[PDB]
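Coordinate analysis (summary)
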Amino acid sequence: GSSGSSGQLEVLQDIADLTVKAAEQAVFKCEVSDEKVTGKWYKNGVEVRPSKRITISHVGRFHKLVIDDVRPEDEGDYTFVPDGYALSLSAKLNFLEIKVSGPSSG
């Protein structure tokens, strides 16, 4: 066992805030110094799980997170933590709402 243990994952590509509006698609991609690694997406402190809308794809050392029907509740803080390591990314999801002004009658 030589220079085998010593080592710690790294962050090649981090995630940046994503500005989206109601009924939109939010995608988050990153790059890690490992392909056999795996983590989960956390929103404002909540385990993000895939659904009929949300679609998570795993590609080598790259993670993807799709979010259909963007809601005003998705906005917060998207942090990904690769199980096994202590690393973590930082990304803020900005939710834009279509302000309503000048009501029309008829």
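Residues numbered from 1 in each chain as written, not as in the entry; some residues may be left out. Heavy atoms only, no water.

Determination of this PDB entry was carried out by solution NMR, according to the record.

All right, on to the overall build of the protein then. Helices and strands together make up the secondary structure of the protein, namely zero helices and nine strands. Listed by position from the N terminus, the elements making up the protein come as β-β-β-β-β-β-β-β-β. The C-alpha radius of gyration of the protein comes to 18 Å, more than 25% above the 13 Å expected for a compact globule of 106 residues. The buried share among the 106 residues of the protein stands at 26%. Residue pairs at least 24 apart in sequence account for 60% of intrachain contacts in the protein once pairs closer than 6 positions are excluded. Of the roughly 7400 Å² of accessible surface on the protein, a fraction of 45% belongs to carbon and sulfur atoms. Taking the average place of the 13 positive charges on the side chains of the protein and the average place of its 16 negative ones, the gap between the two points comes to 5 Å. (Helix = DSSP H or I, 4+ residues; strand = E, 2+ residues; numbered from the N terminus. Rg over C-alpha atoms; globule rule 2.2 N^0.38 Å. Buried < 20%, exposed > 50% of the residue type's maximum accessible area, 1.4 Å probe, protein only. Contact = heavy atoms within 4.5 Å. Areas by Shrake-Rupley, 256 points an atom, 1.4 Å probe, with all protein chains shown as cover. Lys, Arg positive; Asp, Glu negative; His and termini not counted. Charge placed at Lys NZ, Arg CZ, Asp CG, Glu CD.)

Glancing now at the pairing of strand β6 (residues 55-59). Pairing of β6 with strand β7 (residues 62-67), which is carried by five bridges, proceeds in the antiparallel orientation. Looking across to β7, one finds that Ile56 is bridged to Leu65. In this structure, the hairpin formed by β6 and β7 is closed by a connection of two residues, where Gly60 is found at a positive phi of approximately 40 degrees. (Pairing = 2+ DSSP bridges.)

So, on to the sheet that holds β7. A sheet is described by the order of its strands in space; here three strands give the open sequence β3-β7-β6, paired in antiparallel fashion. Looking along the sheet, the strands with just one partner apiece sit at the ends: β3 (26-27) and β6.

Here the focus is the environment of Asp74. Secondary-structure assignment places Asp74 in the loop between β7 and β8 (78-83). The spacing of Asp74 and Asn94 is 20 residues in sequence and 8.6 Å in space, taken between C-alpha atoms. If near-sequence neighbours (up to four positions away) are discounted, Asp74 is found in contact with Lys43, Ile67 and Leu93. At a separation of 3.2 Å, a polar atom in the side chain of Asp74 contacts the side chain of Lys43. (Polar contact = N/O pair within 3.5 Å; in protein donor to acceptor, adjacent residues only side chain to side chain.)

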